[PDB]
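Data first, discussion second: the structure below is written as structure tokens.
There are 2 protein chains.
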Amino acid sequence: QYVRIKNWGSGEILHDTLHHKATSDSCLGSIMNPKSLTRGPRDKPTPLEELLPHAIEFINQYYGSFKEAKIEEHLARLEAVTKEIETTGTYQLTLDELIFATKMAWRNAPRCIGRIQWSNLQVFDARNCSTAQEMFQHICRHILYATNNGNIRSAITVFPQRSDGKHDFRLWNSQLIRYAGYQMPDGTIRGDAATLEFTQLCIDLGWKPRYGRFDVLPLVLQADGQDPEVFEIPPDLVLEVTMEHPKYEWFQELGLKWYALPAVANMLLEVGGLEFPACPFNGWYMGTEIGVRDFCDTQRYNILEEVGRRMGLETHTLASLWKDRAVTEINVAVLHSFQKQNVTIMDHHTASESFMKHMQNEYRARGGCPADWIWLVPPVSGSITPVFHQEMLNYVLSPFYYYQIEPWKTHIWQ
Amino acid sequence: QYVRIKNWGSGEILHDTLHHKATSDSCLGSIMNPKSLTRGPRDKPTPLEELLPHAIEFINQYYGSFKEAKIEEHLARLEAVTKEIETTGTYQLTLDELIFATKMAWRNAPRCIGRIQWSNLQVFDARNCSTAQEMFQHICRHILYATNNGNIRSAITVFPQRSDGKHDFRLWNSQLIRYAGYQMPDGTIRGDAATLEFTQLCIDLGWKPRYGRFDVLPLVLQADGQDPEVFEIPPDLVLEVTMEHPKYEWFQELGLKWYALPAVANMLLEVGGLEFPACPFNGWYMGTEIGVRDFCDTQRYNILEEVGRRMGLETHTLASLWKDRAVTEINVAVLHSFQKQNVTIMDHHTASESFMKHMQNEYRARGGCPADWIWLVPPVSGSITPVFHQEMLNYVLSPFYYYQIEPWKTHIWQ
Ligand code: HEM
Ligand code: HEM
Ligand SMILES: COc1ccnc(CCc2nc3cccnc3[nH]2)c1
Ligand SMILES: COc1ccnc(CCc2nc3cccnc3[nH]2)c1
Ligand SMILES: C[C@H](O)[C@H](O)[C@H]1CNc2nc(N)[nH]c(=O)c2N1
Ligand SMILES: C[C@H](O)[C@H](O)[C@H]1CNc2nc(N)[nH]c(=O)c2N1
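Line order of the protein sequences matches chains A and B.
Going left to right, the first sequence walks through residues 77 to 101, 108 to 496 as the UniProt record's numbering numbers them.
Going left to right, the second sequence walks through residues 77 to 101, 108 to 496 as the UniProt record's numbering numbers them.
This is the structure in structure tokens:
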């Protein structure tokens with residue numbers, strides 16, 4: 077009938093009718115969460131006719147990985163998997179395979195810019211977990227492991243695989259550590275205007291809103307299949323950076339900071355026909371993420387305005403390019419602040435040179451590298467980056483990390 | 077077998093094998115000149131079975147345009163077109179329809195950011211032209227019309243439609259006005275490193291290389307179907323801007339300038355099953371095009387280096403973000419210089435706010451608006467722009483402006 081289109085800034089929506097009158101040459111791409119990139123809910127198990135092939139595939143890819151194969155272990159493992167499936171109607175990955183699977187899936191992420199690290203990954207095997215308190219506990223160890231007092235370390239903690247689908251493990255937060263946003267009496271909006279909806283949810287589930295500009299939202303875990311249980315993150319576990327500029331000292335007066343730990347908590351890991359609906363993973367920030375996206379967007383903190391004011395810049399003439407000047411300085415701050423407070427970080431420029439290196443090793447390696455230009459090209463200083471002038475194909479391989487329908491929209495409350 | 081991928085910066089190339097192992101979810111998008119966006123050569127005419135439908139379509143769209151239709155003129159015109167086709171095996175558009183066609187095609191350009199102007203367009207009917215000298219003459223009037231002493235005006239001059247295909251009108255230059263690039267003895271490269279190839283071609287066709295950093299390349303027109311004939315542009319016809327910064331006065335010392343007129347000369351206009359392989363069109367510059375792309379790219383002038391030097395900035399620490407600071411100032415120059423020397427121009431920020439307005443009027447209007455996010459989002463200060471957070475569908479409608487195989491690659495020299 078028509079296609080919905082959102083504008084994450086103004087949150088406005090439009091319905092596209094025109095495409096219908098398209099030609100015999108409707109590309110999506112420009113879409114945030116497309117269905118071609120999602121792996122939603124389930125009711126029943128995973129039809130063996132499907133599971134079995136994919137299961138085999140993965141296993142072949144796995145043993146077809148190591149130098150000088152283990153032909154026998156390859157066959158042996160093959161057999162065992164087959165046998166196990168036709169006995170329980172599914173199968174468990176060895177830890178070494180899961181590890182392979184986690185790194186591959188990452189390596190195969192069209193939208194990750196630091197994939198050149200793909201081999202360095204910490205795998206926490208949480209597949210035995212069983213309760214919310216156990217989740218909450220593992221999330222903590224991970225956070226603590228990854229934060230590593232500022233010297234960040236990429237990790238991942240793989241909870242229980244999806245069985246029937248009515249017994250799914252799901253972290254309800256978009257990310258491990260993320261400030262909350264309330265809508266002040268006076269109509270304003272403190273904190274992260276982005277998490278308005280989820281913050282409410284947190285309240286609705288009993289969270290005590292410390293109404294502030296930087297409140298680190300509570301973990302909202304659901305295990306096995308039960309309702310989600312609210313948990314607060316141990317204030318000690320969350321390492322933050324206080325924003326200060328190496329020049330404009332009025333900058334810290336701004337009262338700005340941000341968490342050092344970027345961990346995606348609502349993605350789904352698919353491998354060998356299996357899928358884990360909960361498996362938080364973390365890397366480390368790329369400057370422009372905090373400086374550009376989080377601080378400047380109109381749907382977040384939106385600080386661009388006064389940061390230019392305090393620079394003298396004419397905040398009434400777009401043509402004056404103050405915004406360009408402001409943002410620039412904001413980013414120099416973040417890079418400074420992090421740098422100073424010894425919290426690992428990457429400026430968008432070096433990031434790109436390294437991805438390019440990566441991309442190249444990736445083609446010589448397996449003749450290819452899935453990339454989503456749109457996402458990969460830094461939000462500012464684009465054509466000043468190598469990747470901007472680099473054509474790239476975007477495709478879904480496997481293993482892979484799929485988005486997935488927001489849990490509240492698909493739950494069974496009792 | 078495999079897909080070639082170019083990196084316009086380093087001009088390097090890679091062959092993608094991986095996509096083959098893709099999944100049942108290969109998107110191109112990130113491609114400059116895809117074949118889905120091109121309309122190449124021909125040998126024979128355009129099969130009537132095809133022409134006739136499209137011809138009708140267009141005509142219906144055309145009369146279905148004006149408020150309170152001219153039902154009779156609609157039918158009458160319909161008839162006449164039909165009659166004309168089955169008598170000559172093709173048909174001529176009225177000027178009013180061509181005009182409609184030129185504005186629509188523009189309006190339908192997924193990659194143009196100023197489409198909000200789509201209704202303001204000057205149409206020069208050059209369909210009677212017959213010789214290279216006549217082309218050269220019309221190109222001149224257009225240039226002069228459009229340049230309008232700095233107060234720029236968007237125009238288009240539609241040469242002869244493709245007949246058989248062995249009688250095509252083709253301007254061999256990528257654009258109406260564009261500096262030439264030579265590769266100096268000392269291995270260096272003066273001028274626009276981008277036009278190396280075409281500059282040579284110009285020599286090879288008898289052009290006298292005034293070996294310089296800003297030499298405006300000669301028109302290379304081919305008419306009816308003959309070989310291309312070289313023509314020099316009347317130095318008086320090319321209005322340029324000398325780059326000077328409203329602060330750093332060492333800036334003009336840089337010896338920088340750029341032409342005020344952006345006109346695309348090698349695109350093909352397709353409308354009602356007809357196609358014109360030559361029809362230059364011009365609008366006016368969007369700052370960041372000159373400041374970011376043309377001056378900074380490594381495949382163009384590549385000035386980023388010393389522009390930071392002269393700012394004190396540490397040109398040895400990427401992390402220092404000097405580049406970000408440099409570019410910013412370069413753009414402030416261009417905007418200044420143009421502004422000062424009364425040459426119309428648009429800063430990327432206002433550009434975006436206006437396109438957004440446009441896009442919106444465009445959906446309420448005909449429920450839709452084809453856009454190529456990748457191209458539309460300014461090369462710098464992306465997420466600082468509305469369009470960055472605006473999902474958009476990219477599709478090919480008609481009329482439309484298609485790229486087309488580079489003429490030299492497909493010619494018949496005698
Ligand atoms: C070397 C440390 C890393 C850096 C600097 C890094 C950086 C980035 C950046 C800049 C983005 C795009 C920004 C955005 O998501 O809004 C991104 C996306 C992504 N990264 Fe990473 N990454 C790192 C490690 C990882 C690891 C270890 C994984 C998986 C175990 C991963 C998985 C992803 C995925 C799945 C996305 C796309 C998320 C989405 O769709 O929103 N990244 N990364
Ligand atoms: C209101 C004045 C105009 C402005 C500011 C403008 C601006 C732009 C910009 C910024 C781009 C992308 C940059 C690039 O091509 O590398 C673009 C692309 C384009 N514009 Fe315009 N434009 C204007 C008028 C026009 C007109 C009048 C036409 C057709 C009669 C047109 C046709 C196109 C096409 C076909 C493209 C894509 C070119 C390509 O594929 O390389 N534009 N325009
Ligand atoms: C997994 O490694 C990394 C490293 C750097 N960045 C990320 C992005 C995750 C993320 N998604 C988000 C959506 C909204 C607000 N913040 C967000 N962070 C992930
Ligand atoms: C038609 O109106 C406009 C307005 C502003 N910009 C353009 C781009 C055309 C163009 N394509 C190019 C390719 C290489 C070098 N310069 C180029 N200019 C076109
Ligand atoms: C590889 C990539 O497609 C290429 O660098 C594109 C990106 N976006 C662009 N956008 C505009 N407006 N103009 C360009 O020339 C490009 N180049
Ligand atoms: C509409 C558009 O898809 C959206 O704004 C995208 C563009 N590119 C992005 N790129 C990254 N890295 N992160 C994002 O959140 C986005 N947002």
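All C-beta atoms, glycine included, are put in the ideal place defined by N, C-alpha and C.
TODO: Indicate, with yes or no, if ligand 3 has a heavy atom lying under 7 Å from the CB of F363 (chain A).
DONE: Stepping through the first sequence from its first residue, residue 363 (chain A) is reached at position 281. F363 (chain A): yes, Cβ under 7 Å from ligand 3.
Query raised in the report: Touching or not, the segment 420–438 of chain B and the segment 380–392 of chain A, by the rule of three or more beta carbon pairs under 8 Å?
Result: no
Tell me where the alpha helix (DSSP H) around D406 (chain B) begins and ends.
As a working note, residue 406 (chain B) is residue 324 in the second sequence. Its alpha helix (DSSP H) spans residues 404–422.
Discussion item. Since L301 (chain B) and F313 (chain B) should fall inside the 8 Å C-beta cutoff, what is the C-beta to C-beta distance between them, to a whole number of angstroms?
Written reply: Position 219 of the second sequence, counted from the first residue, corresponds to residue 301 (chain B). Position 231 of the second sequence, counted from the first residue, corresponds to residue 313 (chain B). That pair is a contact at about 4 Å.
Check: Is any heavy atom in ligand 1 found nearer than 7 Å to the beta carbon of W457 (chain A)?
Finding: The residue labelled residue 457 (chain A) in the question sits at position 375 within the first sequence. It does: the Cβ of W457 (chain A) is within 7 Å (strictly closer) of some heavy atom of ligand 1.
Is the CB of residue 106 (chain B) under 8 Å away from at least one CB in chain A? Coordinates for residue 106 (chain B) are absent; the numbering of chain B skips from 101 straight to 108.
Selection from B:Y227, B:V478, B:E326 that minimises the alpha carbon distance to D454 (chain B)
Within the second sequence, residue 454 (chain B) is the residue found at index 372, counting from 1. The residue with the shortest Cα to Cα distance from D454 (chain B) is B:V478.
Using CA atoms only, rank isn't needed, just tell me which of B:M186, B:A275, B:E473, B:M368 is closest to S112 (chain A). Position 30 of the first sequence, counting from 1, holds the residue named residue 112 (chain A). Comparing Cα positions, the closest option is B:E473.
Check: Does the count of Cβ pairs from the segment 270–285 of chain B and the segment 237–246 of chain B closer than 8 Å reach three?
Finding: no
ask   = Whose CA, out of A:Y227, A:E131, A:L343, lies closest to the CA of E371 (chain A)?
value = Here residue 371 (chain A) corresponds to residue number 289 of the first sequence, with the count starting at 1. It is A:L343 whose Cα lies nearest to the Cα of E371 (chain A).
- prompt: Is the Cβ-Cβ distance between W366 (chain A) and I234 (chain A) less than 8 Å?
  reply: If you number the first sequence from 1, residue 366 (chain A) lands on position 284. If you number the first sequence from 1, residue 234 (chain A) lands on position 152. Yes, Cβ-Cβ distance for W366 (chain A) and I234 (chain A) is below 8 Å.
Exposed unless 16 or more other CB atoms sit within 10 angstroms - verdict on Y78 (chain A): Along the first sequence, one-based indexing puts residue 78 (chain A) at 2. Answer is exposed; the Cβ neighbour count stays below 16.
Host alpha helix (DSSP H) of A137 (chain A) (start-end): Along the first sequence, one-based indexing puts residue 137 (chain A) at 55. Start and end: 130–145.
### Task
Taking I238 (chain A) and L287 (chain A) to be in contact with their CB atoms under 8 Å, please state how far apart those CB atoms are, rounded to whole angstroms.
Here residue 238 (chain A) corresponds to residue number 156 of the first sequence, with the count starting at 1. Here residue 287 (chain A) corresponds to residue number 205 of the first sequence, with the count starting at 1. Their Cβ separation, rounded to whole angstroms, is 26 Å, which puts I238 (chain A) and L287 (chain A) out of contact at 8 Å.
Review point. Name the chain A residues whose beta carbon is nearer than 7 Å to that of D274 (chain B)?
Key: The count along the second sequence starts at 1 and reaches residue 274 (chain B) at position 192. Per Cβ cutoff of 7 Å: no residues; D274 (chain B) is ~16 Å from chain A at best.
* Closest residue to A187 (chain A) among A:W289, A:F218, A:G247, A:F482 (Cα-Cα distance) -> Sequence index remark: in the first sequence, residue 187 (chain A) carries index 105 (1-based). The shortest C-alpha separation from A187 (chain A) is found at A:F482.
Using 8 Å as the Cβ pair cut-off and three pairs as the minimum, do the segment 203–220 of chain B and the segment 290–310 of chain B touch?
yes
- request: Reducing DSSP to helix, strand and coil, say where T93 (chain A) ends up.
  value: Translated into the one-based positions of the first sequence, residue 93 (chain A) becomes position 17. Here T93 (chain A) sits in coil by DSSP.
Residue 104 (chain B) touches chain A at which residues, Cβ-Cβ below 9 Å? Absent here is residue 104 (chain B), because the residues of chain B run from 101 on to 108 with nothing modelled in between.
Integer-rounded CB distance, given that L110 (chain A) should sit under 8 Å from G449 (chain B)
Numbered from its first residue, the second sequence carries residue 449 (chain B) at position 367. Numbered from its first residue, the first sequence carries residue 110 (chain A) at position 28. Going by Cβ atoms, the distance from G449 (chain B) to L110 (chain A) rounds to 18 Å, so no, they are not a contact pair.
query: Using a Cβ-Cβ distance under 8 Å, would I385 (chain B) count as near chain A?
result: For the purposes of this step, residue 385 (chain B) is taken as residue 303 along the second sequence, with counting starting at 1. So, not an interface residue.
Comparing the C-beta of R392 (chain B) with each C-beta of chain A, is any distance below 8 Å? On the second sequence, residue 392 (chain B) is found 310 positions in, with the first residue counted as 1. No, because no Cβ of chain A sits closer than 8 Å to the Cβ of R392 (chain B).
Between the segment 260–271 of chain B and the segment 350–363 of chain B, do at least 3 Cβ pairs fall closer than 8 Å?
no
With respect to the alpha helix (DSSP H) encompassing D286 (chain A), which residues constitute its N-terminal and C-terminal limits?
Walking along the first sequence from the start, residue 286 (chain A) turns up at place 204. Note, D286 (chain A): alpha helix (DSSP H), 278–286.
Would a C-beta distance cut-off of 8 Å place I225 (chain A) and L319 (chain A) closer than the cut-off? Counted from its first residue, the first sequence places residue 225 (chain A) at position 143. Counted from its first residue, the first sequence places residue 319 (chain A) at position 237. Yes. Within cutoff.
ask   = By a C-beta neighbour count over all protein chains shown, 10 Å radius and 16 as the cutoff for buried, is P468 (chain B) buried or exposed?
value = Here residue 468 (chain B) refers to the residue found at position 386 when the second sequence is read from its first residue. With 16 or more other Cβ atoms within 10 Å, it is buried.
So the beta strand (DSSP E) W340 (chain B) belongs to, where does it begin and stop? Here residue 340 (chain B) corresponds to residue number 258 of the second sequence, with the count starting at 1. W340 (chain B) -> beta strand (DSSP E) spans 339–341.
Give me the chain B residues within the contact set of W188 (chain A), using Cβ-Cβ distance strictly less than 8 Å, ordered along the chain.
To locate residue 188 (chain A), count along the first sequence from 1; it is residue 106. Within chain B, no residue comes near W188 (chain A); the closest Cβ sits about 16 Å away, beyond 8 Å.
- Task: Kindly indicate if chain A contains any beta-carbon less than 8 Å away from that of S112 (chain B).
- Result: Counted from its first residue, the second sequence places residue 112 (chain B) at position 30. It does; some Cβ of chain A falls within 8 Å.
request  = Report all residues from its chain with a CB closer than 7 Å to the CB of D92 (chain A); omit the five preceding and five following residues, and keep chain order.
outcome  = In the first sequence, residue 92 (chain A) corresponds to position 16, counting from 1. Same-chain partners within the cutoff: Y78, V79, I81.
Extent of the continuous alpha helix (DSSP H) to which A433 (chain A) belongs | For this step, residue 433 (chain A) is matched to residue 351 along the first sequence. Its alpha helix (DSSP H) spans residues 430–448.
- Proximity test, Cβ basis, 8 Å: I466 (chain B) and chain A: For this step, residue 466 (chain B) is matched to residue 384 along the second sequence. Taking Cβ atoms only, chain A reaches closer than 8 Å to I466 (chain B), which makes this a yes.
Margin query: Quick check: is the beta carbon of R375 (chain A) nearer than 8 Å to any beta carbon in chain B?
Written below: Here residue 375 (chain A) is taken as the residue at index 293 of the first sequence, counted from 1. True, the Cβ-Cβ gap to chain B drops below 8 Å.
* Check whether the segment 137–150 of chain A touches the segment 163–171 of chain A, taking contact to mean three or more Cβ pairs, one atom from each stretch, closer than 8 Å. => yes
Review point. Should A158 (chain B) be labelled buried (16 or more other beta-carbon atoms within 10 Å of its own) or exposed?
Key: Residue 158 (chain B) sits at position 76 when you count from the first residue of the second sequence. Its Cβ having fewer than 16 others within 10 Å, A158 (chain B) is exposed.
Of all the CB atoms in chain B, is at least one closer than 8 Å to the CB of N233 (chain A)?
-> Within the first sequence, residue 233 (chain A) is the residue found at index 151, counting from 1. Not one chain B Cβ lies under 8 Å of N233 (chain A).
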